[PDB]
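Residue numbers (the entry's author numbering): 1 to 56. Heads up, the beta-carbon is just placed ideally off N, CA and C, and yes, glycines get one too. Structure first, commentary second.
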Amino acid sequence: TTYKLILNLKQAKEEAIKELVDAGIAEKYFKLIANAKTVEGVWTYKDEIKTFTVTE
Numbered sequence: 001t002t003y004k005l006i007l008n009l010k011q012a013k014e015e016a017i018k019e020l021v022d023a024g025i026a027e028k029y030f031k032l033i034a035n036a037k038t039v040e041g042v043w044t045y046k047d048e049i050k051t052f053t054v055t056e
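Structure follows, in structure tokens:
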């Protein structure tokens, strides 16, 4: 909701899915960020993106 109400915070999920789609992580691209409730939830997922990006 938060990031849905404020366009300045909407950009958060956009950068989040940017990192995912650049990393080639479709699973989380569609699931992880789509399951965001707030921009803080997105910011939490931001760290998760790096977790899913690093596999080695």
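- Residue burial is scored here from C-beta neighbours: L5 has fewer than 16 other C-beta atoms within 10 angstroms and is therefore classed as exposed.
- Between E15 and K50, the C-beta spacing is not below 9 Å.
- Scanning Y29, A36, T55 for the CA closest to the CA of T1 turns up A36.
- Annotation for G41: the continuous alpha helix (DSSP H) segment containing it runs 39-53.
- DSSP, read as helix, strand or coil, puts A23 in helix.
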